[PDB]
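For reference, the structure is listed below as structure tokens.
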Amino acid sequence: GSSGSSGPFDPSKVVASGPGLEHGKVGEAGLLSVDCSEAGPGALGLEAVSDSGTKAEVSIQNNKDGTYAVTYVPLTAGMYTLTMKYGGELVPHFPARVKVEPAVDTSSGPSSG
């Protein structure tokens with residue numbers, strides 16, 4: 001007996017977490033998981049922008065668990081400003097500042113070139 005119904009909309013009900021919201025690296029992908037319980041309908045969206053006005057590549061994917069897989073690839077290191085919005089309303093997990101480190105490696109290896 002599965003009795004489920006779409007309740008009222010609410011951005012507060014949206015729960016966003018993950019390592020991406022803790023830290024990031026140039027070229028890496030900020031793993032972000034959004035667990036919606038009673039957030040009702042509405043569309044999800046995120047906007048990544050660095051202090052130097054740098055728009056990072058962001059994508060949103062849906063899951064059979066009713067969650068969303070948000071990822072961001074910082075092209076340049078520096079302080080980033082994550083901006084999430086659910087149904088046109090900011091979430092309790094944004095904006096969220098995150099310091100991203102450079103993709104500099106001490107040791108070298110086989111470069112595709």
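In the structure tokens, chains take letters A, B, ... by order of appearance, with residues numbered from 1 within each chain and ligands from 1 in the order shown.
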
(request) Name all residues at most 6 Å from segment 82-89 of chain A (count only C-alpha atoms; drop same-chain ones fewer than 4 positions away) and give them as a PyMOL selection string. (result) chain A and resi 11+42-48+94-96

(message) I need the residues in chain A that are strand (DSSP E) according to DSSP; give them as a ChimeraX atom specification.
(response) /A:14-17,24-25,32-36,44-50,54-55,57-62,67-73,78-86,89-90,96-101

(request) Can you pull out every residue within 9 Å of segment 4-6 of chain A, counting only C-alpha atoms, but drop anything in the same chain fewer than 3 positions away, and send it as a list in words? (result)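 Those residues are residues 9, 38, 39, 40 and 41 of chain A.
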
(request) For each of A:78, A:1, A:102, A:30, take the minimum atom-to-atom distance to residue 60 of chain A, counting only C-alpha atoms, then give the residue where this is smallest. (result)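 Closest candidate: A:30.
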
(message) Could you list, as a list in words, every residue within 6 Å of residue 68 of chain A, counting only C-alpha atoms and ignoring same-chain residues fewer than 6 positions away?
(response) residues 33, 34, 61 and 62 of chain A

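Considering only chain A, backbone DSSP assigns helix (DSSP H, G or I) to residues 11, 12, 13, 19, 20 and 21 of chain A.
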